[PDB]
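Working through the structure, step by step
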Protein chains: 2
Amino acid sequence: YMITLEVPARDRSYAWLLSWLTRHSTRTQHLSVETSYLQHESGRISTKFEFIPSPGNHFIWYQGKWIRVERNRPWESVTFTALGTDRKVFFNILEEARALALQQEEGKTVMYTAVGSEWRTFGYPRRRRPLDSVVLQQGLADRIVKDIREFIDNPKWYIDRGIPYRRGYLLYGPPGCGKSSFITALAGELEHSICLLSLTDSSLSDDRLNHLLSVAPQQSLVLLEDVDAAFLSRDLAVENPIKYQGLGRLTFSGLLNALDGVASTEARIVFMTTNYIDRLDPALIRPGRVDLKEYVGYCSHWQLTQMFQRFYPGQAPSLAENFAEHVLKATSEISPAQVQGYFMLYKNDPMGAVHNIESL
Amino acid sequence: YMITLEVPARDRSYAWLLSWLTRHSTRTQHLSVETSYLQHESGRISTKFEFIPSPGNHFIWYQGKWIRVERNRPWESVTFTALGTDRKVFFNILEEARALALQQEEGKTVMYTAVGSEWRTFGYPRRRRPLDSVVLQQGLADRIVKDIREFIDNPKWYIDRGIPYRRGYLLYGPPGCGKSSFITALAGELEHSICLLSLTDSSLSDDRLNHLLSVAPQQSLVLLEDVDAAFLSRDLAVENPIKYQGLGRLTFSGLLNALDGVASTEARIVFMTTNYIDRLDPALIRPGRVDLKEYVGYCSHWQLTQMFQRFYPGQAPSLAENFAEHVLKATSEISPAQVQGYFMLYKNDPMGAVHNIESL
Ligand SMILES: Nc1ncnc2c1ncn2[C@@H]1O[C@H](COP(=O)(O)OP(=O)(O)OP(=O)(O)O)[C@@H](O)[C@H]1O
Ligand SMILES: Nc1ncnc2c1ncn2[C@@H]1O[C@H](COP(=O)(O)OP(=O)(O)OP(=O)(O)O)[C@@H](O)[C@H]1O
Ligand SMILES: [Mg+2]
Ligand SMILES: [Mg+2]
């Protein structure tokens, strides 16, 4: 007569329990190697050998209870066998795992990915990019931030009238203007998580897409990259229905219904990005599926001035005006990425980038 | 009650442990044959019979502590069973393996390859090609060397402003000018390692590409050969999205996001090479993905003079000028490979190659 808690692979606290188990690896006869390396120079690579508990029946001594944990071997199922019928040590283990895991993810953003029909973490948590480090047009980031915050902070007004509690944004522009960087900065600012989804995968179908959109982690953003490339449209639409033009078991109607249909879930934010706004079917970007669409374009006077004052802090304000005037006179259209590269050429050299502005 | 260290196939020190195990092959009842052969002449091939320890349970007598090693058998795993609970002998074994392995790789370059979704070594370490042995245009190798060194030696400046710590270079030119040779010479000079990646493989997908680009070995270079051949573009781009045109499950957007997106890693250098600069999509070679693009072309006066003074050391300087003048007068465009071949015809024969210069 014991208690045999079973936690299979498909659990939200799976990573939390794994992290706690790596924390409590002491007094474990079976082990797995946990060595990492950090090269410095001269062929002297630092060694960091440690001990991940192997998928075995290691006996743990938490609170003096001789708790037995077994991880099997691609189907995985972790087991926490104990004595008697208490269930309190389970509460304590889950709480300690939560305290340890959330401590690790502090000041960072967690990136998930679509594995099969489920979300799994993708590498270590990444350092968040400061929002002010990305410079957009005047009064553009503020509008998006305010709209997202207003959507988050007003759930009651949605339910009191019956509108589904959903939202979606679309960003389009020339390549190299700040779409992905702004998305990353916004995710860092809002303390959310990014879920990467590809519409051209070979293991995606309508039912799997619906399940993925239904089981997305809470306090997270869903990102769709290059929606245009997954469906040729427009000129085709005038003759025949929208074909797939990709590798996968997906259809246009399935995606349209999954984004906003009858079975769509609630409290979800979706971001989509494209480079050709004119290649998207009108039914896909109608209100209800894409509430706000914004255009990010080439550089301007204020954007160039802000970028200059950001890359060379402490300089006089006249230098930024000189740089902006010279850049806008020498060339008409220019991308922020090219400006960033040109600045990267002249590292810590103000008044040097204000002379060699020949980048035609 | 023992300690059972488990090191599976997917480990960095796997090769180090294998090399140490081949070093400590003494006192091993089970063996595998280690014969190598070196032909000289007259059907007399020198034998080098030795003993690789077979994948068995050989008992080792390191430090007088009876250690029971075991390699199983696709799926491969190595086990180091010991006595008691000490963990010191594991540290000593790892340190000795590091000392032995790094001793072997001295003055050479290690070439990795993409097996499945992991990097594995490809043959014995190769002898490094001296940097000066590759002659490029005046002030071209120095610029690239300085830029790479500056990127390596300034990680703080990247972090203090938020730019991702990444870089990428592109080399393009006519076939037979020194792209791959210069890449090899630079890798030898910088004491890095080369990782070969093919975009046309049949076992490559977006997730696998991202995982490979994330787990690349430290102090290494990532090489992409003939990026143009993996994606037809330009004239197609004016009508329809970029097709893949190959054998494999890869997409243009997937490669674009993997090279520089949201989930891209840090501290990575990527080299790409092509022969048709006009067949590359503009979005692929924008700044942020290709920080520096350089053109290697046909021979010039200084290049020919340096090549002549390199292939025939000790000759008077007037002979180099005579050879350069005659070559540039008899022909307008010529590749360094053709000059190397023409010199190879006249081995150790200066003043002979300055007469038979008819290679129209
Ligand atoms: N507005 C901006 N402010 C600062 N840096 C920027 C800006 N736009 C782009 N960059 C920089 O340029 C590089 C590429 O930016 P990013 O990937 O966000 O461009 P993008 O518009 O998403 O391009 P693509 O459409 O090809 O994905 C990064 O180094 C990024 O930091
Ligand atoms: N600049 C050079 N100096 C010395 N040898 C050179 C030079 N360029 C080419 N060679 C020699 O020519 C041969 C081919 O060189 P390499 O493979 O680097 O050319 P490549 O430009 O990479 O050609 P491809 O585009 O076909 O790969 C080698 O023997 C190489 O040593
Ligand atoms: Mg992007
Ligand atoms: Mg080559």
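Residues numbered from 1 in each chain as written, not as in the entry; some residues may be left out. Chains lettered and ligands numbered in written order. Part of a larger assembly, values for the part shown. Heavy atoms only, no water. Residues with missing side-chain atoms left out of burial classes, pairs and counts.

For this coordinate set, the PDB header names cryo-EM as the determination method and states a resolution of 3.77 Å.

1. Things to note about the site of ligand 1
Under the convention used in this document: Nearness of a residue to a molecule or strand requires only that one of the residue's heavy atoms be within 4 Å of it. Two N or O atoms form a polar contact when they lie within 3.5 Å of each other; inside protein one atom must be a possible hydrogen donor and the other a possible acceptor, and for residues adjacent in sequence the pair counts only when both atoms belong to side chains. Reported accessibility uses the Shrake-Rupley method at a 1.4 Å probe radius. Residues are deemed covered only where the shown protein chains occlude them. Secondary structure follows DSSP: runs of H or I at least 4 residues long count as helices, runs of E at least 2 residues long count as strands, and numbering of each begins at the N terminus. Charged means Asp, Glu, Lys or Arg here, nonpolar means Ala, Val, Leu, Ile, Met, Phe, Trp, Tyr, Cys or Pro, and polar covers whatever is left, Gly included.
The full set close to ligand 1 counts 19 residues, and A:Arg129, A:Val135, A:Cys177, A:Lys179 and A:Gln340 are the nearest of them. Close to ligand 1, residues of chains A and B are found. Here A:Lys179 contributes a side-chain N or O atom positioned 2.6 Å from an oxygen atom of ligand 1. Within the side chain of B:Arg289, a nitrogen or oxygen atom sits 3.2 Å from an oxygen atom of ligand 1. Coverage of ligand 1 by the protein amounts to 93% of the 620 Å² it exposes when considered alone. Within the residue set of the shell around ligand 1, elements represented by two or more residues are helix 5 (179-189) and helix 10 (336-345) of chain A. Considering only residue class, the shell around ligand 1 consists of seven nonpolar, seven polar and five charged.

2. A closer look at helix 10 of chain A
Formally: Each residue is placed in one exposure class: buried if its accessible area under a 1.4 Å probe, protein chains only, is under 20% of its type's maximum, exposed if it is over 50%, and partly exposed if it falls in between. Note on contacts: a residue pair is in contact if any heavy atoms of the two residues lie within 4.5 Å.
Taken across its 10 residues, helix 10 of chain A has seven buried, putting it largely inside the fold. For helix 10 of chain A, the set of buried residues is A:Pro336, A:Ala337, A:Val339, A:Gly341, A:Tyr342, A:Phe343 and A:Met344. The inward-facing, buried residues of helix 10 of chain A abut helix 8 (301-311) and helix 9 (317-330) of chain A together with helix 4 (155-161) and strand 13 (166-172) of chain B.

3. A word on the site of ligand 2
All names here are of chain B. The environment of ligand 2 is made up of 14 residues, and the closest members are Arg129, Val135, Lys179, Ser180 and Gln340. In this structure, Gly176 approaches ligand 2 through a main-chain N or O atom, which is 3.2 Å from an oxygen atom. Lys179 is positioned with one of its side-chain polar atoms (N or O) 2.6 Å from an oxygen atom of ligand 2. Burial of ligand 2 by the protein amounts to 74% of the accessible area it has alone, namely 620 Å². Secondary-structure elements contributing two or more residues to the shell around ligand 2 are helix 5 (179-189) and helix 10 (336-345).

4. Focus on the UniProt feature "binding site: ATP" in chain A
Residues and elements named next belong to chain A. So the rule is basically this: UniProt positions are given in the numbering used here, feature names are shortened, and annotations may be inferred rather than shown by experiment.
Those residues carrying the UniProt feature "binding site: ATP" are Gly173, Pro174, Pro175, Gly176, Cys177, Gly178, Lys179 and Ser180 in this numbering. Here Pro174 is to be found in the loop between strand 13 (166-172) and helix 5. Mapped onto the elements of the fold, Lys179 is located in helix 5. Accessibility expressed as a relative area gives 10% for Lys179, which makes it buried.

5. Looking at a nonpolar patch on the surface
All names here are of chain B. Our working definition: Excluding any residue in a salt bridge, patches collect residues exceeding 30% relative accessible area, merging like charges within 9 Å and nonpolar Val, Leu, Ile, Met, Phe, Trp and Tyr side chains within 5 Å. Take a side-chain nitrogen of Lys or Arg and a carboxyl oxygen of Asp or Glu: if they are within 4 Å of each other, that pair is a salt bridge.
Residues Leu31, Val33, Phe49 and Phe51 make up a contiguous nonpolar surface patch of roughly 410 Å² in combined accessible area. Considering the arrangement of structural elements, one finds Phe49 in the loop between strand 4 (44-47) and strand 5 (51-52). A relative accessible area of 58% means that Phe49 is categorised as exposed.

6. Concerning the packing of helix 6 (residues 206-214) of chain A against helix 7 (residues 252-259) of chain A
All names here are of chain A. So the rule is basically this: Lines fitted to C-alpha atoms define the axes here, with helix axes fitted over just the stretch in contact, and angles between the N-to-C directions of these axes take values from 0 to 180 degrees. Each angle receives one of four descriptions, namely roughly parallel if under 35 degrees, roughly antiparallel if over 145, roughly perpendicular if within 65 to 115, and oblique otherwise. Crossing handedness: left-handed means the near helix sits turned counterclockwise from the far one by under a right angle, and right-handed means the same turn made clockwise.
With their axes 10 Å apart at the nearest point, helix 6 and helix 7 run at an angle of 20° to one another. With respect to helix 7, the axis of helix 6 lies roughly parallel. The hand of the helix 6/helix 7 crossing is right-handed. Two secondary-structure elements touch here, helix 6 through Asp206, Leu209 and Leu213 and helix 7 through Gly254, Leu255, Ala258 and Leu259. Per-class residue counts for the contact of helix 6 with helix 7 are five nonpolar, one polar and one charged.

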